[PDB]
Amino acid sequence: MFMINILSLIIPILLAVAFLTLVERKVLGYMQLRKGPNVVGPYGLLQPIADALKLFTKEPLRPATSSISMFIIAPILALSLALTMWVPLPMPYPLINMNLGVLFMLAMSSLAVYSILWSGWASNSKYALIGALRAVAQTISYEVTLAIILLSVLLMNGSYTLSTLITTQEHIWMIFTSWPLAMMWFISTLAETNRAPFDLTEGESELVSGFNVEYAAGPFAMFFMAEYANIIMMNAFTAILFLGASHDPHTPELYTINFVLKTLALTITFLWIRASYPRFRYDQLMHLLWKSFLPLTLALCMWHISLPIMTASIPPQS
Amino acid sequence: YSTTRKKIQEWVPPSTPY
Amino acid sequence: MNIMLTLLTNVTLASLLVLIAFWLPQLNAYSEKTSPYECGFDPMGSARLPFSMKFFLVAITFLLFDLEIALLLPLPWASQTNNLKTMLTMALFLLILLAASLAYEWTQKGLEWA
Amino acid sequence: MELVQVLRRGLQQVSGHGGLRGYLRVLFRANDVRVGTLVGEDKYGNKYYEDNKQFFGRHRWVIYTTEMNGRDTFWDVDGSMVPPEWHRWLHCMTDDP
Amino acid sequence: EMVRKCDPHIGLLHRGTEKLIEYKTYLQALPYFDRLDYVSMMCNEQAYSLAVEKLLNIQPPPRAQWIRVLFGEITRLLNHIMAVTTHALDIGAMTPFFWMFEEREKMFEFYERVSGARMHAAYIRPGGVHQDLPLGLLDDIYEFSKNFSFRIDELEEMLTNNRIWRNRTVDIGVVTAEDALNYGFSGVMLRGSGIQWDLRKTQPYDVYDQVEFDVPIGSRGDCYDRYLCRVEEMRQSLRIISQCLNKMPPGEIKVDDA
Amino acid sequence: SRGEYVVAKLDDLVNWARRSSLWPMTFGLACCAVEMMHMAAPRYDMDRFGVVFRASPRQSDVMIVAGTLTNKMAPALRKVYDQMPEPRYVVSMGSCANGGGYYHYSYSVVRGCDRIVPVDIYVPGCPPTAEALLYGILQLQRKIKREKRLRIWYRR
Amino acid sequence: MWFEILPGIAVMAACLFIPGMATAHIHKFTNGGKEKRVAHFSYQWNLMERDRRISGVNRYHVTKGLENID
Amino acid sequence: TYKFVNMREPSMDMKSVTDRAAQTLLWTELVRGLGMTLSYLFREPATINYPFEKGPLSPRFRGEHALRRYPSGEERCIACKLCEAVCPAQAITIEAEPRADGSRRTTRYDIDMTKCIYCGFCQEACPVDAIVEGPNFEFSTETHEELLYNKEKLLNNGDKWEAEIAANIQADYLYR
Ligand SMILES: CCCCCCCCCCCCCCCCC[C@@H](O)O[C@H](CO[C@H](O)CCCCCCCCCCCCCCC)COP(=O)(O)OCC[N+](C)(C)C
Ligand code: SF4
Ligand code: SF4
Ligand code: SF4
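If you're matching them up, the sequences are chains r, R, j, K, C, I, S and H in order. Going by the deposited numbering, the first residue of the first sequence is number 1, and it counts up by one from there. Going by the deposited numbering, the first residue of the second sequence is number 127, and it counts up by one from there. Going by the deposited numbering, the first residue of the third sequence is number 1, and it counts up by one from there. Going by the deposited numbering, the first residue of the fourth sequence is number 1, and it counts up by one from there. Going by the deposited numbering, the first residue of the fifth sequence is number 104, and it counts up by one from there. Going by the deposited numbering, the first residue of the sixth sequence is number 61, and it counts up by one from there. Going by the deposited numbering, the first residue of the seventh sequence is number 1, and it counts up by one from there. Going by the deposited numbering, the first residue of the eighth sequence is number 37, and it counts up by one from there.
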């Protein structure tokens, strides 16, 4: 019956990305004073399914110039990995007890953007190619610092296994120990997921919906959907990794009741970022990283390498 | 629709022969 | 097994969404509708060569840092070795060179990114 | 003082009478004077904004085809002549005839 | 990804105006001007009505001049709102937009109120002004104007310090102060490069003789300075509104010359 | 459980679907661009009706044609109209492009917007008040709601 | 007003709430309340190796106690 | 008069230096603006509930046209035809012929909203104050041919709204 467990992991999350869309227009609406979607609800609630139906019902043309195979395979990979990254996530009990699933989170995250590269390559359009390319730039440029700071915050939990990361937070929370790395992790999740100030992949006014343009109905729904999969997912990831909680094994549910709060509390923040800052432009986007984030990530890294020895505080896990 | 009736009201040949 | 099963159910799920995406609206594709988008007016030419040294000049540096972090990964486990003084220098050492490499780029004006 | 507010939600819940329908169509809620006239039904209000004052409510039987909760009400449905002048603040001080 | 030369091609909206104007009498030509710089609909009308009154050798009764300057200024605020805002929207700020178009809508409530149209208010006349404005208006303008400044200020808190916004626009795109003059740049594009010039102070045309306000010179000539000029000129117009409200003489508004 | 009954149900479902969240793209060519924006301004908020301006026709359906059209411009317009997915619509707006309107007699205008694309609803104005526009699009939904390809397809 | 956001957000929570519960109980449902067993290392698997065979039933959920020796 | 925006420059005082450095590292103004939008979340939304509520307008507002009658029930229009003669879009077309009684009247007054620019010159021009730019502002329609109003259509608009229009003109004319 493991299969029904998996299905039980995949349906609720898709429902969550739909209602995530709706919340996005809501909050992001009230920042603007204007109310968000409302009339169709009554509280808007029925909207996202009407939305998705509007999409899938609508004709999804196969472009004349595009090669078709890449053009179809890319969205598939997008939702694929967007969902697959969810499996080893301790809530509290992981669906899979990977010995080193964090590293796996990095693996999925790193194959993610490759789909963007195909998405813009097979699309054949000028905007497609240029936007896709700059997209891959910002992405990788952030995955390096990404993985380093994640390393440095992992020296002290003990090991790459995720469940232990609960155990190592049975009191103080990791964040008080190494918040600056939490900042850089936050922003790196704010760019790797391609979000608000780090907005370039969509391009928007800069490049009229970026790479995603030539995709029409359903595949567009897939990239859109998968994008929100990554946003909520890196949010949850940050939540478990920098914000611990009380956990009685006899009542696991209690913990989850807490956890969705602590993660939702993050996701909303991205939206409340979106309502706040103009995008960086491709120079500065990479400037602040290579010039400014990174060296601190290193100095902090040696520092965190060095605390366990000076403090004689080396974490247990073999 | 068209308003203000007609224009030239051109005459037509009589029914009677010759 | 376990993981292969979830991979299969995910991919089959997505592929199912694709098939219900195409074989459903059931309407009329035709030429010019299917022509590539170019903000209205037709393209002056199919995509060619957006060449830039400023791509690889940094992207290669990405690749040579990523190889480095690949060596950083063993660290959490190496931390529990019986003889840290033998280790610790190296734990610092690579990071210095990582930084050093960057530093060398920092000021030969090889890092113009963009 | 959240309790007084939720209590206001309650008093509104009772006074509206089956508010679920009004929120199923007219999208809620608070109502007011309930002055009326027009070809059918209609309504009125007064509250606390220069824009939120003077609401309206479509006739359930409408001008002809039935218009009600979960039905396609017209914007041109509002009574001709007199009521918009009070309804656009052309003369909200001048109550509807 | 660098540009090598941008090559603008205007005329994509050449509706062909000047040919049309020639066939229509003066009073019938006036609306075209709203249809011109449509964001700044009043000042165009004022430009025209001056352009005729000089030929016609005729002078508006003073109250009309006070309206003409007053709405000249509310319109000053309209264009600056639209400018700073949509310029922000182009670089993705998104939000300030919605915070301001509430206000801009409240200003259109005024064009709505006096002219009967939300915009394109063919209201300024070669002879002076059309209908007199309704009694209930000036307090209403007062009540708004007193509270607008918090709004512009809060905008400024989201922008002027927002160093992301700074970095995006601070070293671009500078123009040499003389080189501006060779190209005949006008208004803010001049002041950004620090040259003193400004027509309201220089060759005043109306009651600008009788209003007092501070023109904000820029310095570096970067977009950022131009932005601060936009904002500060908004505040200054907001100064003008005070004075015009405080000295708004009774009298006729159209010229006596029937 | 008549087949026609089920067809009435699916008819209601897809037509309600498409009508419930259409996604305009906009040629705010001339000066009726700004009034379009006041529809999206907080005070009227097009978004609460679900409609949301999203650029790039391929991700959009209904098209607003605010503001005066001109000769050089027209071919681009036809291009953009062709690149939209079915079921595409359009909306002529203002006295602008209903038929040249003010500029009816010039060499560069292309009279109506009608003469290059198959318009749906008209929204007369100059500029139309944004609210009259709002009545426009709601009227558009009350026209989609009468669409019924499914009922007809079964019938044929 | 802003509180009206809540119906939109609570629906989020419950959805996300579901997997976290749904897995945690399925474990207990399958394992007989034993709350699953991790086996990161060869040795722990060796304990599940010694198990299952020890229970007459192959399902190792049950842990025969002292009574097993007599 | 002339004012220097900017030109003001930062102090090099060490307290100030540490302040700007801490500002850069810890993002003070960033969190300031972020706190600002937090603050706008709590204000009451500005939206009106259209259709169910409708925006404020003015007595002077311009919209759908409509010829209108004397209280006697007689129509006002007398074909002085200068409505044709003053409309910049020249939307109007008129073709008068004598009444059998001998009074001046139109035969096919017509207008087309397709070309009309709603400037309200006609509203001003009429000596007998016949044509009036009515308060109604909504009449968006499916088909182009409907826009091109006939005389009868205008009269019907004048019938639909007459109390309303007479109310506006009653409230407005003194300013004219
Ligand atoms: C025992 C001692 C151990 C260490 C103790 C000292 C700790 C070290 C100091 C801590 C610093 C860590 C902060 C992270 C790096 C900050 C650098 C970053 O800001 O770079 C700047 C770039 O800034 C960033 O890009 C900001 C954009 C990020 C947008 C998201 C906003 C985040 C909102 C706040 C969320 C906080 C949540 C977590 C709080 C706990 C580039 O600077 P510059 O080029 O010179 O000019 C721009 C200056 N700015 C900052 C005003 C813009
Ligand atoms: S409608 Fe009024 S504004 Fe829009 S184009 Fe025609 S004239 Fe200019
Ligand atoms: S003015 Fe009014 S009434 Fe006199 S002619 Fe022109 S339209 Fe007929
Ligand atoms: S509406 Fe304005 S433009 Fe159209 S006819 Fe009457 S006056 Fe001339």
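Heads up, the beta-carbon is just placed ideally off N, CA and C, and yes, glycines get one too.
What residue range is occupied by the uninterrupted beta strand (DSSP E) comprising residue i?
i: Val-125(I); result: 123 to 125
Name the one or two DSSP bridge partners that residue i has.
i: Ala-192(I); result: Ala-192(I) is not bridged to any residue.
i: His-101(H); result: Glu-169(H)
i: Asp-146(H); result: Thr-129(H)
i: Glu-111(H); result: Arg-105(H)
i: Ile-84(H); result: For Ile-84(H), which the question treats as bridged, DSSP gives no partner whatsoever.
i: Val-183(I); result: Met-153(I)
i: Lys-39(H); result: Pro-319(C)
i: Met-85(I); result: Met-123(I)
i: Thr-177(H); result: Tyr-182(I)
I want to check one thing, is the minimum distance from the CB of residue i to the heavy atoms of ligand 2 below 7 angstroms?
i: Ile-153(H); result: yes
If I follow the unbroken alpha helix (DSSP H) through residue i, where does it start and stop?
i: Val-151(I); result: Segment 151 to 153 is the beta strand (DSSP E) holding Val-151(I); no alpha helix (DSSP H) there.
i: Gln-168(C); result: 165 to 193
i: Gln-108(j); result: First-last for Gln-108(j): undefined, no H or E at that position.
i: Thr-54(H); result: 50 to 62
i: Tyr-135(C); result: 129 to 137
i: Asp-256(C); result: 240 to 262
i: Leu-106(r); result: 101 to 112
i: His-27(S); result: 6 to 31
Is it the case that the CB of residue i approaches a heavy atom of ligand 1 more closely than 7 angstroms?
i: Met-184(r); result: yes
i: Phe-293(r); result: yes
i: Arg-59(S); result: no
i: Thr-60(H); result: yes
i: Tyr-277(r); result: yes
i: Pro-199(C); result: no
i: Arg-266(C); result: yes
i: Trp-63(H); result: yes
i: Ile-273(r); result: yes
i: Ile-187(r); result: yes
i: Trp-113(j); result: no
i: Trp-77(j); result: no
i: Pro-197(r); result: yes
Apply the 10 Å Cβ neighbour rule to residue i and answer buried if 16 or more other Cβ atoms are within range, or exposed otherwise.
i: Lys-151(H); result: buried
i: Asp-70(S); result: exposed
i: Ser-292(r); result: exposed
i: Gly-218(r); result: buried
i: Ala-136(H); result: exposed
i: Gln-159(H); result: buried
i: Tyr-64(K); result: exposed
i: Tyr-185(H); result: buried
i: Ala-122(r); result: buried
Heavy atom of ligand 4 less than 7 angstroms from the Cβ of residue i, yes or no?
i: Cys-123(H); result: yes
i: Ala-127(H); result: yes
i: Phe-97(H); result: no
i: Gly-156(H); result: yes
**Request:** List in chain order the residues whose CB is within less than 6 angstroms of at least one heavy atom of ligand 3.
**Result:** Every residue whose beta carbon comes nearer than 6 angstroms to a heavy atom of ligand 3 appears here in chain order: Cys-113(H), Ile-114(H), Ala-115(H), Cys-116(H), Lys-117(H), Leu-118(H), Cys-119(H), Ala-161(H), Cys-162(H), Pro-163(H), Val-164(H), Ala-166(H) and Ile-167(H).
**Asked** Residues with a Cβ closer than 7 angstroms to any heavy atom of ligand 2, in chain order?
**Response** For ligand 2, residues qualifying as neighbours are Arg-138(C), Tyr-141(C), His-223(C), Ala-90(I), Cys-91(I), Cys-92(I), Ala-126(I), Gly-127(I), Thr-128(I), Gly-154(I), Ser-155(I), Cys-156(I), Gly-161(I), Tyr-162(I), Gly-185(I), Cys-186(I), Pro-187(I) and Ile-153(H), where qualification means a beta carbon closer than 7 angstroms to at least one of its heavy atoms (chain order).
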